[PDB]
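First comes one chain, alone, set out as structure tokens in the form deposited in one PDB entry.
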């Protein structure tokens, strides 16, 4: 049904990519509404701590309001795969930005932030090296963020989810792992490179007219000496970025694309389990 706090993208469920944001606090969406693309930048505020989802049944998942609202907004149904993989029988390799990439003929490749079909790319006259399926590095193929694994059809309307939280202790022992545990009900979502995390800088410089963004304190220490008359601003939370800084962090973002390894089924027991 219709969700109240569901500032929504225009191309929701129209076979085009979206970037539905999952931001803590109803205040942080105040920026998103004014900075959205108005085409693919849906959002849904969520305030609090989502309950531990690794000890309770699927049936009573919908009892929680926020979790059910996320399910309805993103369109996934619990217990079923979020996509339908299309079968393939070809494999190719190529070099991009000095890095070897293993791809399939029915896969999707992102170049400068735009996903292009492999069939279209092969028509652009760029060197593709065909290899046997038995020689395909499965781990390297699954660890590539510029390759999408042959989506055929999808009942899922918001193509990507861009989790975005605070950086202080209200971000560490916080929503971020609980939302990840909830999304873990769908292994295919992560390997597809869909569930993501936006990196809010921790320290922002104020040199000249522009600024410099430091996603870690260690990076700030390492590049401090090359900073002319820099001013220091600790971003210990989402509600500490001005509108312009949020606009830059949204339209030109850095994604912590979370991938789940074969050991995921243990780390969720050791943490929050």
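Numbering follows the first chain given and starts at 1.
The same protein has a further form, the form deposited in another entry, not shown here; the description that follows concerns it.
Considering the motion between the shown form and the other one, the entry in 84, 241, 40, 224 that lies on the hinge linking the two rigid parts is 84. Compared with the form shown here, the Cα atoms of residue 163 and residue 169 move at least 3 Å closer together in the other entry. In the other entry, the CA atoms of residue 169 and residue 20 draw together by 3 angstroms or more relative to this form.
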